[PDB]
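Heads up, model26.pdb below (PDB, N, CA and C atoms and all ligand atoms):
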```
ATOM      1  N   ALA A   1      11.808  -9.924-117.592
ATOM      2  CA  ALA A   1      12.739  -8.858-118.063
ATOM      3  C   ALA A   1      14.189  -9.148-117.686
ATOM      4  N   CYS A   2      15.115  -8.688-118.517
ATOM      5  CA  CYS A   2      16.534  -8.904-118.258
ATOM      6  C   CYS A   2      17.131  -7.824-117.358
ATOM      7  N   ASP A   3      18.022  -8.221-116.454
ATOM      8  CA  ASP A   3      18.704  -7.256-115.602
ATOM      9  C   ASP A   3      19.864  -6.715-116.432
ATOM     10  N   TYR A   4      20.377  -7.571-117.316
ATOM     11  CA  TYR A   4      21.471  -7.224-118.212
ATOM     12  C   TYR A   4      21.198  -7.839-119.573
ATOM     13  N   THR A   5      21.227  -7.001-120.604
ATOM     14  CA  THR A   5      20.991  -7.451-121.967
ATOM     15  C   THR A   5      22.237  -7.191-122.803
ATOM     16  N   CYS A   6      22.919  -8.276-123.177
ATOM     17  CA  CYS A   6      24.133  -8.203-123.989
ATOM     18  C   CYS A   6      23.778  -8.656-125.402
ATOM     19  N   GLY A   7      23.414  -7.709-126.258
ATOM     20  CA  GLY A   7      23.008  -8.067-127.604
ATOM     21  C   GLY A   7      21.689  -8.802-127.472
ATOM     22  N   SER A   8      21.699 -10.089-127.811
ATOM     23  CA  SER A   8      20.505 -10.923-127.732
ATOM     24  C   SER A   8      20.457 -11.720-126.432
ATOM     25  N   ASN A   9      21.581 -11.787-125.719
ATOM     26  CA  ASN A   9      21.643 -12.539-124.465
ATOM     27  C   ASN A   9      20.990 -11.815-123.282
ATOM     28  N   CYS A  10      20.227 -12.577-122.510
ATOM     29  CA  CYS A  10      19.494 -12.056-121.371
ATOM     30  C   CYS A  10      19.999 -12.650-120.060
ATOM     31  N   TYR A  11      20.434 -11.797-119.134
ATOM     32  CA  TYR A  11      20.929 -12.270-117.843
ATOM     33  C   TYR A  11      20.181 -11.672-116.661
ATOM     34  N   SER A  12      20.084 -12.443-115.584
ATOM     35  CA  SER A  12      19.445 -11.985-114.353
ATOM     36  C   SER A  12      20.583 -11.686-113.367
ATOM     37  N   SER A  13      20.255 -11.121-112.210
ATOM     38  CA  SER A  13      21.269 -10.829-111.208
ATOM     39  C   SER A  13      21.893 -12.126-110.708
ATOM     40  N   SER A  14      21.099 -13.191-110.697
ATOM     41  CA  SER A  14      21.558 -14.508-110.259
ATOM     42  C   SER A  14      22.604 -15.076-111.208
ATOM     43  N   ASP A  15      22.394 -14.876-112.505
ATOM     44  CA  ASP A  15      23.331 -15.341-113.520
ATOM     45  C   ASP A  15      24.684 -14.684-113.302
ATOM     46  N   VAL A  16      24.646 -13.376-113.060
ATOM     47  CA  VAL A  16      25.836 -12.567-112.849
ATOM     48  C   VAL A  16      26.559 -12.919-111.548
ATOM     49  N   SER A  17      25.802 -13.084-110.462
ATOM     50  CA  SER A  17      26.380 -13.434-109.162
ATOM     51  C   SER A  17      27.064 -14.788-109.219
ATOM     52  N   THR A  18      26.418 -15.745-109.880
ATOM     53  CA  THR A  18      26.963 -17.086-110.017
ATOM     54  C   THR A  18      28.275 -17.060-110.801
ATOM     55  N   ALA A  19      28.306 -16.326-111.916
ATOM     56  CA  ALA A  19      29.515 -16.223-112.736
ATOM     57  C   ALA A  19      30.644 -15.525-111.980
ATOM     58  N   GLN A  20      30.320 -14.409-111.340
ATOM     59  CA  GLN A  20      31.295 -13.629-110.589
ATOM     60  C   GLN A  20      31.969 -14.436-109.473
ATOM     61  N   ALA A  21      31.170 -15.145-108.683
ATOM     62  CA  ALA A  21      31.695 -15.957-107.591
ATOM     63  C   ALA A  21      32.733 -16.970-108.083
ATOM     64  N   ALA A  22      32.459 -17.586-109.234
ATOM     65  CA  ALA A  22      33.364 -18.571-109.816
ATOM     66  C   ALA A  22      34.698 -17.924-110.200
ATOM     67  N   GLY A  23      34.610 -16.827-110.951
ATOM     68  CA  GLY A  23      35.782 -16.101-111.400
ATOM     69  C   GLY A  23      36.592 -15.504-110.271
ATOM     70  N   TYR A  24      35.920 -14.987-109.244
ATOM     71  CA  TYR A  24      36.619 -14.411-108.099
ATOM     72  C   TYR A  24      37.346 -15.514-107.335
ATOM     73  N   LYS A  25      36.697 -16.670-107.209
ATOM     74  CA  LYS A  25      37.281 -17.813-106.516
ATOM     75  C   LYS A  25      38.611 -18.187-107.172
ATOM     76  N   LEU A  26      38.596 -18.312-108.499
ATOM     77  CA  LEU A  26      39.793 -18.652-109.251
ATOM     78  C   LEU A  26      40.859 -17.584-109.075
ATOM     79  N   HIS A  27      40.432 -16.325-109.063
ATOM     80  CA  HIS A  27      41.364 -15.219-108.894
ATOM     81  C   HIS A  27      42.056 -15.343-107.544
ATOM     82  N   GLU A  28      41.269 -15.595-106.497
ATOM     83  CA  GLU A  28      41.802 -15.751-105.142
ATOM     84  C   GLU A  28      42.819 -16.889-105.021
ATOM     85  N   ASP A  29      42.567 -18.000-105.708
ATOM     86  CA  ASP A  29      43.467 -19.147-105.655
ATOM     87  C   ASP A  29      44.645 -19.041-106.608
ATOM     88  N   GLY A  30      44.662 -17.994-107.429
ATOM     89  CA  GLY A  30      45.755 -17.802-108.367
ATOM     90  C   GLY A  30      45.770 -18.842-109.466
ATOM     91  N   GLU A  31      44.586 -19.219-109.942
ATOM     92  CA  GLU A  31      44.462 -20.213-111.000
ATOM     93  C   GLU A  31      43.668 -19.643-112.163
ATOM     94  N   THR A  32      43.836 -20.235-113.343
ATOM     95  CA  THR A  32      43.126 -19.778-114.540
ATOM     96  C   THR A  32      42.553 -20.951-115.334
ATOM     97  N   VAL A  33      41.595 -20.657-116.211
ATOM     98  CA  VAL A  33      40.996 -21.673-117.072
ATOM     99  C   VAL A  33      40.894 -21.118-118.495
ATOM    100  N   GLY A  34      40.933 -22.010-119.482
ATOM    101  CA  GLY A  34      40.846 -21.582-120.866
ATOM    102  C   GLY A  34      42.189 -21.205-121.457
ATOM    103  N   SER A  35      42.256 -21.143-122.779
ATOM    104  CA  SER A  35      43.492 -20.793-123.457
ATOM    105  C   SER A  35      43.831 -19.314-123.323
ATOM    106  N   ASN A  36      42.839 -18.496-122.986
ATOM    107  CA  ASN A  36      43.073 -17.065-122.831
ATOM    108  C   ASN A  36      43.193 -16.638-121.373
ATOM    109  N   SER A  37      43.398 -17.629-120.515
ATOM    110  CA  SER A  37      43.597 -17.436-119.082
ATOM    111  C   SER A  37      42.630 -16.530-118.333
ATOM    112  N   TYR A  38      41.429 -17.035-118.081
ATOM    113  CA  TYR A  38      40.430 -16.294-117.325
ATOM    114  C   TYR A  38      40.418 -16.850-115.899
ATOM    115  N   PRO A  39      40.234 -15.977-114.890
ATOM    116  CA  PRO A  39      40.046 -14.534-115.068
ATOM    117  C   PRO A  39      41.374 -13.804-115.212
ATOM    118  N   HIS A  40      41.353 -12.688-115.924
ATOM    119  CA  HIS A  40      42.556 -11.898-116.084
ATOM    120  C   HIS A  40      42.245 -10.412-116.004
ATOM    121  N   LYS A  41      43.294  -9.611-115.902
ATOM    122  CA  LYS A  41      43.168  -8.176-115.784
ATOM    123  C   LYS A  41      42.443  -7.507-116.957
ATOM    124  N   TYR A  42      41.464  -6.678-116.616
ATOM    125  CA  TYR A  42      40.716  -5.914-117.600
ATOM    126  C   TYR A  42      41.221  -4.488-117.374
ATOM    127  N   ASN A  43      41.878  -3.922-118.379
ATOM    128  CA  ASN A  43      42.467  -2.594-118.263
ATOM    129  C   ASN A  43      41.541  -1.391-118.392
ATOM    130  N   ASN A  44      40.362  -1.615-118.962
ATOM    131  CA  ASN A  44      39.371  -0.563-119.162
ATOM    132  C   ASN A  44      39.844   0.498-120.162
ATOM    133  N   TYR A  45      40.405   0.046-121.289
ATOM    134  CA  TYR A  45      40.871   0.936-122.356
ATOM    135  C   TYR A  45      39.670   1.715-122.886
ATOM    136  N   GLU A  46      38.498   1.089-122.793
ATOM    137  CA  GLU A  46      37.245   1.685-123.235
ATOM    138  C   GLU A  46      36.921   2.909-122.402
ATOM    139  N   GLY A  47      37.333   2.877-121.141
ATOM    140  CA  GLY A  47      37.089   3.995-120.256
ATOM    141  C   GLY A  47      35.679   4.048-119.709
ATOM    142  N   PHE A  48      35.133   2.896-119.328
ATOM    143  CA  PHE A  48      33.785   2.854-118.761
ATOM    144  C   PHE A  48      33.864   3.549-117.411
ATOM    145  N   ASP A  49      32.777   4.207-117.009
ATOM    146  CA  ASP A  49      32.732   4.907-115.724
ATOM    147  C   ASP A  49      32.193   3.992-114.622
ATOM    148  N   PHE A  50      33.026   3.041-114.204
ATOM    149  CA  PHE A  50      32.666   2.091-113.159
ATOM    150  C   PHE A  50      32.604   2.786-111.800
ATOM    151  N   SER A  51      31.659   2.355-110.971
ATOM    152  CA  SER A  51      31.441   2.910-109.637
ATOM    153  C   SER A  51      32.362   2.353-108.555
ATOM    154  N   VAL A  52      33.139   1.327-108.901
ATOM    155  CA  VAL A  52      34.067   0.704-107.956
ATOM    156  C   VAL A  52      35.518   0.849-108.422
ATOM    157  N   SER A  53      36.449   0.724-107.483
ATOM    158  CA  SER A  53      37.869   0.878-107.776
ATOM    159  C   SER A  53      38.518  -0.288-108.500
ATOM    160  N   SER A  54      39.606   0.031-109.196
ATOM    161  CA  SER A  54      40.409  -0.951-109.910
ATOM    162  C   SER A  54      41.360  -1.548-108.866
ATOM    163  N   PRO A  55      42.080  -2.631-109.206
ATOM    164  CA  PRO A  55      42.086  -3.352-110.483
ATOM    165  C   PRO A  55      40.795  -4.106-110.787
ATOM    166  N   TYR A  56      40.549  -4.297-112.080
ATOM    167  CA  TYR A  56      39.372  -4.998-112.569
ATOM    168  C   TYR A  56      39.811  -6.306-113.201
ATOM    169  N   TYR A  57      38.924  -7.295-113.164
ATOM    170  CA  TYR A  57      39.195  -8.604-113.748
ATOM    171  C   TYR A  57      37.990  -9.049-114.570
ATOM    172  N   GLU A  58      38.235  -9.642-115.735
ATOM    173  CA  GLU A  58      37.129 -10.107-116.556
ATOM    174  C   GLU A  58      37.001 -11.611-116.484
ATOM    175  N   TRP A  59      35.754 -12.067-116.493
ATOM    176  CA  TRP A  59      35.421 -13.482-116.437
ATOM    177  C   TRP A  59      34.206 -13.666-117.346
ATOM    178  N   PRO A  60      34.234 -14.684-118.220
ATOM    179  CA  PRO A  60      33.121 -14.950-119.145
ATOM    180  C   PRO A  60      31.823 -15.371-118.465
ATOM    181  N   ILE A  61      30.708 -14.869-118.983
ATOM    182  CA  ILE A  61      29.396 -15.259-118.489
ATOM    183  C   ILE A  61      28.738 -15.860-119.725
ATOM    184  N   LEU A  62      28.226 -17.080-119.588
ATOM    185  CA  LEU A  62      27.630 -17.803-120.714
ATOM    186  C   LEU A  62      26.114 -17.783-120.774
ATOM    187  N   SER A  63      25.580 -17.622-121.981
ATOM    188  CA  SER A  63      24.136 -17.604-122.182
ATOM    189  C   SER A  63      23.502 -18.971-121.870
ATOM    190  N   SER A  64      24.320 -20.017-121.875
ATOM    191  CA  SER A  64      23.849 -21.370-121.602
ATOM    192  C   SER A  64      23.434 -21.556-120.148
ATOM    193  N   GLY A  65      23.985 -20.716-119.277
ATOM    194  CA  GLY A  65      23.679 -20.793-117.859
ATOM    195  C   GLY A  65      24.744 -21.545-117.084
ATOM    196  N   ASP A  66      25.716 -22.111-117.791
ATOM    197  CA  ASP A  66      26.799 -22.844-117.143
ATOM    198  C   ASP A  66      27.919 -21.895-116.759
ATOM    199  N   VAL A  67      28.766 -22.330-115.831
ATOM    200  CA  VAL A  67      29.910 -21.538-115.399
ATOM    201  C   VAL A  67      31.033 -21.883-116.372
ATOM    202  N   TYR A  68      31.742 -20.863-116.851
ATOM    203  CA  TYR A  68      32.840 -21.055-117.794
ATOM    204  C   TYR A  68      33.885 -22.024-117.250
ATOM    205  N   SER A  69      34.252 -23.009-118.059
ATOM    206  CA  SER A  69      35.243 -23.998-117.640
ATOM    207  C   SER A  69      36.273 -24.270-118.729
ATOM    208  N   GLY A  70      36.272 -23.429-119.759
ATOM    209  CA  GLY A  70      37.210 -23.596-120.851
ATOM    210  C   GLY A  70      36.502 -23.551-122.190
ATOM    211  N   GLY A  71      37.281 -23.473-123.264
ATOM    212  CA  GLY A  71      36.702 -23.416-124.590
ATOM    213  C   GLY A  71      36.319 -21.995-124.943
ATOM    214  N   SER A  72      35.429 -21.849-125.916
ATOM    215  CA  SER A  72      34.990 -20.535-126.357
ATOM    216  C   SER A  72      34.278 -19.798-125.224
ATOM    217  N   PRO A  73      34.751 -18.582-124.900
ATOM    218  CA  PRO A  73      34.178 -17.752-123.837
ATOM    219  C   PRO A  73      32.961 -16.929-124.254
ATOM    220  N   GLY A  74      32.636 -16.950-125.548
ATOM    221  CA  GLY A  74      31.514 -16.173-126.040
ATOM    222  C   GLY A  74      31.890 -14.701-126.071
ATOM    223  N   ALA A  75      30.897 -13.827-126.201
ATOM    224  CA  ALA A  75      31.140 -12.388-126.270
ATOM    225  C   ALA A  75      30.930 -11.621-124.965
ATOM    226  N   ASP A  76      30.285 -12.260-123.995
ATOM    227  CA  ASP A  76      29.969 -11.604-122.735
ATOM    228  C   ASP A  76      30.945 -11.834-121.587
ATOM    229  N   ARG A  77      31.102 -10.817-120.735
ATOM    230  CA  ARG A  77      32.018 -10.893-119.595
ATOM    231  C   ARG A  77      31.470 -10.137-118.397
ATOM    232  N   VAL A  78      31.780 -10.619-117.192
ATOM    233  CA  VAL A  78      31.402  -9.916-115.965
ATOM    234  C   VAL A  78      32.728  -9.322-115.479
ATOM    235  N   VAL A  79      32.719  -8.052-115.097
ATOM    236  CA  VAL A  79      33.934  -7.394-114.614
ATOM    237  C   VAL A  79      33.810  -7.123-113.119
ATOM    238  N   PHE A  80      34.750  -7.659-112.345
ATOM    239  CA  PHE A  80      34.740  -7.485-110.894
ATOM    240  C   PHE A  80      36.096  -6.970-110.410
ATOM    241  N   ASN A  81      36.154  -6.464-109.180
ATOM    242  CA  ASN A  81      37.426  -5.967-108.677
ATOM    243  C   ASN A  81      38.025  -6.831-107.568
ATOM    244  N   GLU A  82      39.058  -6.311-106.906
ATOM    245  CA  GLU A  82      39.756  -7.019-105.835
ATOM    246  C   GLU A  82      38.874  -7.380-104.633
ATOM    247  N   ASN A  83      37.854  -6.563-104.374
ATOM    248  CA  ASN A  83      36.931  -6.778-103.256
ATOM    249  C   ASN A  83      35.681  -7.560-103.640
ATOM    250  N   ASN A  84      35.700  -8.164-104.822
ATOM    251  CA  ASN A  84      34.571  -8.933-105.331
ATOM    252  C   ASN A  84      33.344  -8.042-105.472
ATOM    253  N   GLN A  85      33.572  -6.814-105.923
ATOM    254  CA  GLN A  85      32.492  -5.870-106.160
ATOM    255  C   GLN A  85      32.254  -5.869-107.669
ATOM    256  N   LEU A  86      31.000  -6.005-108.078
ATOM    257  CA  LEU A  86      30.674  -6.003-109.498
ATOM    258  C   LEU A  86      30.899  -4.613-110.081
ATOM    259  N   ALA A  87      31.751  -4.517-111.096
ATOM    260  CA  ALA A  87      32.011  -3.243-111.755
ATOM    261  C   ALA A  87      30.995  -3.084-112.886
ATOM    262  N   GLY A  88      30.678  -4.189-113.561
ATOM    263  CA  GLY A  88      29.716  -4.153-114.651
ATOM    264  C   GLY A  88      29.675  -5.420-115.491
ATOM    265  N   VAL A  89      28.831  -5.399-116.520
ATOM    266  CA  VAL A  89      28.665  -6.517-117.450
ATOM    267  C   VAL A  89      28.867  -5.924-118.840
ATOM    268  N   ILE A  90      29.871  -6.434-119.547
ATOM    269  CA  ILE A  90      30.226  -5.926-120.866
ATOM    270  C   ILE A  90      30.188  -6.992-121.954
ATOM    271  N   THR A  91      30.170  -6.555-123.212
ATOM    272  CA  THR A  91      30.100  -7.484-124.330
ATOM    273  C   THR A  91      30.805  -6.991-125.603
ATOM    274  N   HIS A  92      31.265  -7.941-126.414
ATOM    275  CA  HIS A  92      31.916  -7.656-127.692
ATOM    276  C   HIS A  92      30.845  -7.390-128.754
ATOM    277  N   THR A  93      29.620  -7.846-128.470
ATOM    278  CA  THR A  93      28.458  -7.707-129.364
ATOM    279  C   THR A  93      28.067  -6.254-129.612
ATOM    280  N   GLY A  94      28.050  -5.860-130.880
ATOM    281  CA  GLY A  94      27.705  -4.496-131.220
ATOM    282  C   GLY A  94      28.884  -3.556-131.052
ATOM    283  N   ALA A  95      30.071  -4.117-130.843
ATOM    284  CA  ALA A  95      31.276  -3.319-130.682
ATOM    285  C   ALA A  95      32.271  -3.730-131.753
ATOM    286  N   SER A  96      32.982  -2.749-132.299
ATOM    287  CA  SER A  96      33.976  -2.973-133.349
ATOM    288  C   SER A  96      35.137  -3.847-132.882
ATOM    289  N   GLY A  97      35.506  -4.814-133.715
ATOM    290  CA  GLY A  97      36.611  -5.704-133.401
ATOM    291  C   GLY A  97      36.586  -6.390-132.044
ATOM    292  N   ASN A  98      37.639  -6.163-131.265
ATOM    293  CA  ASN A  98      37.774  -6.742-129.930
ATOM    294  C   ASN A  98      37.427  -5.750-128.823
ATOM    295  N   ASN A  99      36.787  -4.655-129.203
ATOM    296  CA  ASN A  99      36.377  -3.664-128.229
ATOM    297  C   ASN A  99      35.165  -4.175-127.451
ATOM    298  N   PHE A 100      34.774  -3.425-126.429
ATOM    299  CA  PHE A 100      33.627  -3.776-125.600
ATOM    300  C   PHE A 100      32.634  -2.622-125.511
ATOM    301  N   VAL A 101      31.391  -2.965-125.188
ATOM    302  CA  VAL A 101      30.330  -1.992-124.960
ATOM    303  C   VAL A 101      29.629  -2.569-123.750
ATOM    304  N   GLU A 102      28.976  -1.712-122.981
ATOM    305  CA  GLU A 102      28.273  -2.172-121.801
ATOM    306  C   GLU A 102      26.975  -2.849-122.160
ATOM    307  N   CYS A 103      26.574  -3.790-121.321
ATOM    308  CA  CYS A 103      25.317  -4.477-121.518
ATOM    309  C   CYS A 103      24.304  -3.581-120.818
ATOM    310  N   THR A 104      23.190  -3.328-121.490
ATOM    311  CA  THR A 104      22.145  -2.471-120.959
ATOM    312  C   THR A 104      21.136  -3.160-120.032
TER
HETATM  313  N1  LIG B 201      38.996  -4.409-125.431
HETATM  314  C1  LIG B 201      39.699  -4.618-124.308
HETATM  315  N2  LIG B 201      40.359  -5.767-124.165
HETATM  316  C2  LIG B 201      41.057  -5.865-123.025
HETATM  317  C3  LIG B 201      41.149  -4.920-122.031
HETATM  318  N3  LIG B 201      41.955  -5.378-120.994
HETATM  319  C4  LIG B 201      42.318  -6.566-121.386
HETATM  320  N4  LIG B 201      41.827  -6.955-122.599
HETATM  321  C5  LIG B 201      42.028  -8.265-123.276
HETATM  322  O1  LIG B 201      42.661  -8.086-124.556
HETATM  323  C6  LIG B 201      42.103  -8.924-125.569
HETATM  324  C7  LIG B 201      41.872  -8.244-126.921
HETATM  325  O2  LIG B 201      40.736  -7.306-126.891
HETATM  326  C8  LIG B 201      40.683  -9.173-125.083
HETATM  327  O3  LIG B 201      40.225 -10.546-125.338
HETATM  328  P1  LIG B 201      39.279 -10.873-124.045
HETATM  329  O4  LIG B 201      39.533 -12.326-123.856
HETATM  330  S1  LIG B 201      37.407 -10.756-124.046
HETATM  331  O5  LIG B 201      40.351 -10.128-122.952
HETATM  332  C9  LIG B 201      40.660  -8.866-123.580
HETATM  333  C10 LIG B 201      40.440  -3.685-122.180
HETATM  334  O6  LIG B 201      40.424  -2.752-121.384
HETATM  335  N5  LIG B 201      39.734  -3.618-123.358
HETATM  336 CA    CA B 202      19.657 -17.312-116.582
END
```
Would you write out, as structure tokens, the structure that this file holds?
Ligand SMILES: Nc1nc2c(ncn2[C@@H]2O[C@H](CO)[C@H]3O[P@](O)(=S)O[C@H]32)c(=O)[nH]1
Ligand SMILES: [Ca+2]
Amino acid sequence: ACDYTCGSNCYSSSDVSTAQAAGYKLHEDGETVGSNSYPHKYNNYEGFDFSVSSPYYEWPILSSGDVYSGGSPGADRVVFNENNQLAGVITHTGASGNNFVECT
């Protein structure tokens, strides 16, 4: 069973922890990867009811199992805060345009 289901993509807690650690590391060092500069600030225009405090940062999580290192980020993202606390897992899949919906 999936801990997080983003459309057709299935993730475990390990997948999420691995992705988050990478993105948080880059955030801490003040570095970015990709043409869209990840990780970067996630404003939460959607207004998700996250259990942890802002600021939030988004980092791509890949269905391939690899850690994002550039190129197409896919539709899925892990959102974490300043304290490396997981806020949630969101996706563009099933959402209009560039909006997001939570992964169930
Ligand atoms: N939909 C959405 N995009 C945001 C938000 N904060 C920052 N963005 C960035 O704005 C871009 C347009 O939606 C998005 O491409 P993305 O790379 S997944 O990073 C997203 C937010 O709260 N909602
Ligand atoms: Ca996996």
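Shortest atom-to-atom contact with ligand LIG 201 (chain B) among A:55, A:23, A:47, A:71: A:47, counting only N, CA and C atoms and all ligand atoms.
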Might I get the box with edges along x, y and z of the file that holds all atoms of ligand LIG 201 (chain B) listed there, padded by 4 Å on every side, given as centre and edge lengths in Å to one decimal, as AutoDock Vina command-line options?
```
--center_x 40.0 --center_y -7.5 --center_z -124.0 --size_x 13.3 --size_y 17.6 --size_z 13.9
```
Q. Could you state the separation of atom N of residue 80 of chain A and atom N of residue 1 of chain A in Å, given to one decimal place?
A. 23.6 Å
What residues have any atom no more than 5 Å from ligand LIG 201 (chain B) when counting only N, CA and C atoms and all ligand atoms, and can you list them as a tab-separated table (two decimals) with N, CA and C atoms, in the coordinates of the input?
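File produced: result.tsv:
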```tsv
chain	number	residue	atom	x	y	z
A	41	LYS	N	43.29	-9.61	-115.90
A	41	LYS	CA	43.17	-8.18	-115.78
A	41	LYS	C	42.44	-7.51	-116.96
A	42	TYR	N	41.46	-6.68	-116.62
A	42	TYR	CA	40.72	-5.91	-117.60
A	42	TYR	C	41.22	-4.49	-117.37
A	43	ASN	N	41.88	-3.92	-118.38
A	43	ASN	CA	42.47	-2.59	-118.26
A	43	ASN	C	41.54	-1.39	-118.39
A	44	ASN	N	40.36	-1.62	-118.96
A	44	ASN	CA	39.37	-0.56	-119.16
A	44	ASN	C	39.84	0.50	-120.16
A	45	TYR	N	40.40	0.05	-121.29
A	45	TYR	CA	40.87	0.94	-122.36
A	45	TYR	C	39.67	1.72	-122.89
A	46	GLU	N	38.50	1.09	-122.79
A	46	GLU	CA	37.24	1.68	-123.24
A	46	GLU	C	36.92	2.91	-122.40
A	98	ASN	N	37.64	-6.16	-131.26
A	98	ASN	CA	37.77	-6.74	-129.93
A	98	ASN	C	37.43	-5.75	-128.82
A	99	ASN	N	36.79	-4.66	-129.20
A	99	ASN	CA	36.38	-3.66	-128.23
A	99	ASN	C	35.16	-4.18	-127.45
A	100	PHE	N	34.77	-3.42	-126.43
A	100	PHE	CA	33.63	-3.78	-125.60
A	100	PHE	C	32.63	-2.62	-125.51
```
Q: Give me the result of the PyMOL selection byres (((not hetatm) and name CA) within 10 of (chain B and resi 202)) on this file, residue by residue, as a ChimeraX atom specification.
A: /A:2,9-16,18,62-66
Using only N, CA and C atoms, please write the residues we just selected to a file, as a PDB file, keeping the file's coordinate frame.
```pdb
ATOM      1  N   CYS A   2      15.115  -8.688-118.517  1.00  0.00           N
ATOM      2  CA  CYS A   2      16.534  -8.904-118.258  1.00  0.00           C
ATOM      3  C   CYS A   2      17.131  -7.824-117.358  1.00  0.00           C
ATOM      4  N   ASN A   9      21.581 -11.787-125.719  1.00  0.00           N
ATOM      5  CA  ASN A   9      21.643 -12.539-124.465  1.00  0.00           C
ATOM      6  C   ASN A   9      20.990 -11.815-123.282  1.00  0.00           C
ATOM      7  N   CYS A  10      20.227 -12.577-122.510  1.00  0.00           N
ATOM      8  CA  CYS A  10      19.494 -12.056-121.371  1.00  0.00           C
ATOM      9  C   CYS A  10      19.999 -12.650-120.060  1.00  0.00           C
ATOM     10  N   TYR A  11      20.434 -11.797-119.134  1.00  0.00           N
ATOM     11  CA  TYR A  11      20.929 -12.270-117.843  1.00  0.00           C
ATOM     12  C   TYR A  11      20.181 -11.672-116.661  1.00  0.00           C
ATOM     13  N   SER A  12      20.084 -12.443-115.584  1.00  0.00           N
ATOM     14  CA  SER A  12      19.445 -11.985-114.353  1.00  0.00           C
ATOM     15  C   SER A  12      20.583 -11.686-113.367  1.00  0.00           C
ATOM     16  N   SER A  13      20.255 -11.121-112.210  1.00  0.00           N
ATOM     17  CA  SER A  13      21.269 -10.829-111.208  1.00  0.00           C
ATOM     18  C   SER A  13      21.893 -12.126-110.708  1.00  0.00           C
ATOM     19  N   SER A  14      21.099 -13.191-110.697  1.00  0.00           N
ATOM     20  CA  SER A  14      21.558 -14.508-110.259  1.00  0.00           C
ATOM     21  C   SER A  14      22.604 -15.076-111.208  1.00  0.00           C
ATOM     22  N   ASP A  15      22.394 -14.876-112.505  1.00  0.00           N
ATOM     23  CA  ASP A  15      23.331 -15.341-113.520  1.00  0.00           C
ATOM     24  C   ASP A  15      24.684 -14.684-113.302  1.00  0.00           C
ATOM     25  N   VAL A  16      24.646 -13.376-113.060  1.00  0.00           N
ATOM     26  CA  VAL A  16      25.836 -12.567-112.849  1.00  0.00           C
ATOM     27  C   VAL A  16      26.559 -12.919-111.548  1.00  0.00           C
ATOM     28  N   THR A  18      26.418 -15.745-109.880  1.00  0.00           N
ATOM     29  CA  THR A  18      26.963 -17.086-110.017  1.00  0.00           C
ATOM     30  C   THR A  18      28.275 -17.060-110.801  1.00  0.00           C
ATOM     31  N   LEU A  62      28.226 -17.080-119.588  1.00  0.00           N
ATOM     32  CA  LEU A  62      27.630 -17.803-120.714  1.00  0.00           C
ATOM     33  C   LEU A  62      26.114 -17.783-120.774  1.00  0.00           C
ATOM     34  N   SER A  63      25.580 -17.622-121.981  1.00  0.00           N
ATOM     35  CA  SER A  63      24.136 -17.604-122.182  1.00  0.00           C
ATOM     36  C   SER A  63      23.502 -18.971-121.870  1.00  0.00           C
ATOM     37  N   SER A  64      24.320 -20.017-121.875  1.00  0.00           N
ATOM     38  CA  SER A  64      23.849 -21.370-121.602  1.00  0.00           C
ATOM     39  C   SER A  64      23.434 -21.556-120.148  1.00  0.00           C
ATOM     40  N   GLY A  65      23.985 -20.716-119.277  1.00  0.00           N
ATOM     41  CA  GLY A  65      23.679 -20.793-117.859  1.00  0.00           C
ATOM     42  C   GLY A  65      24.744 -21.545-117.084  1.00  0.00           C
ATOM     43  N   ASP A  66      25.716 -22.111-117.791  1.00  0.00           N
ATOM     44  CA  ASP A  66      26.799 -22.844-117.143  1.00  0.00           C
ATOM     45  C   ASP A  66      27.919 -21.895-116.759  1.00  0.00           C
TER      46      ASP A  66
END
```
Q | Residues flagged strand (DSSP E or B) by DSSP in chain A, as a ChimeraX atom specification | A | /A:4-6,9-11,33,38,40-42,56-61,67,76-81,86-91,101-102
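Put simply, atom CA of residue 33 of chain A is 26.9 Å away from atom C of residue 51 of chain A.
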Q: Enter the distance from atom C of residue 3 of chain A to atom C of residue 40 of chain A, in Å, rounded to one decimal.
A: 22.7 Å
Q | Neighbour list for residue 91 of chain A as number ranges by chain, cut-off 12 Å, only C-alpha atoms, skip fewer than 4 positions in-chain | A | A: 4-10, 46, 58-63, 73-79, 95-104
Picked residues, the PyMOL selection byres (((chain A and resi 70) around 8) and not hetatm), as a JSON list (two decimals) with N, CA and C atoms, in the frame of the given file:
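So the final result, stored in result39.json, reads:
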```json
[["chain", "number", "residue", "atom", "x", "y", "z"],
["A", 33, "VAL", "N", 41.60, -20.66, -116.21],
["A", 33, "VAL", "CA", 41.00, -21.67, -117.07],
["A", 33, "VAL", "C", 40.89, -21.12, -118.50],
["A", 34, "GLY", "N", 40.93, -22.01, -119.48],
["A", 34, "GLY", "CA", 40.85, -21.58, -120.87],
["A", 34, "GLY", "C", 42.19, -21.20, -121.46],
["A", 35, "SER", "N", 42.26, -21.14, -122.78],
["A", 35, "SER", "CA", 43.49, -20.79, -123.46],
["A", 35, "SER", "C", 43.83, -19.31, -123.32],
["A", 36, "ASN", "N", 42.84, -18.50, -122.99],
["A", 36, "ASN", "CA", 43.07, -17.07, -122.83],
["A", 36, "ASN", "C", 43.19, -16.64, -121.37],
["A", 67, "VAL", "N", 28.77, -22.33, -115.83],
["A", 67, "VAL", "CA", 29.91, -21.54, -115.40],
["A", 67, "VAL", "C", 31.03, -21.88, -116.37],
["A", 68, "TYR", "N", 31.74, -20.86, -116.85],
["A", 68, "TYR", "CA", 32.84, -21.06, -117.79],
["A", 68, "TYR", "C", 33.88, -22.02, -117.25],
["A", 69, "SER", "N", 34.25, -23.01, -118.06],
["A", 69, "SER", "CA", 35.24, -24.00, -117.64],
["A", 69, "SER", "C", 36.27, -24.27, -118.73],
["A", 71, "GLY", "N", 37.28, -23.47, -123.26],
["A", 71, "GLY", "CA", 36.70, -23.42, -124.59],
["A", 71, "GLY", "C", 36.32, -22.00, -124.94],
["A", 72, "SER", "N", 35.43, -21.85, -125.92],
["A", 72, "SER", "CA", 34.99, -20.54, -126.36],
["A", 72, "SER", "C", 34.28, -19.80, -125.22],
["A", 73, "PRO", "N", 34.75, -18.58, -124.90],
["A", 73, "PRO", "CA", 34.18, -17.75, -123.84],
["A", 73, "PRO", "C", 32.96, -16.93, -124.25]]
```
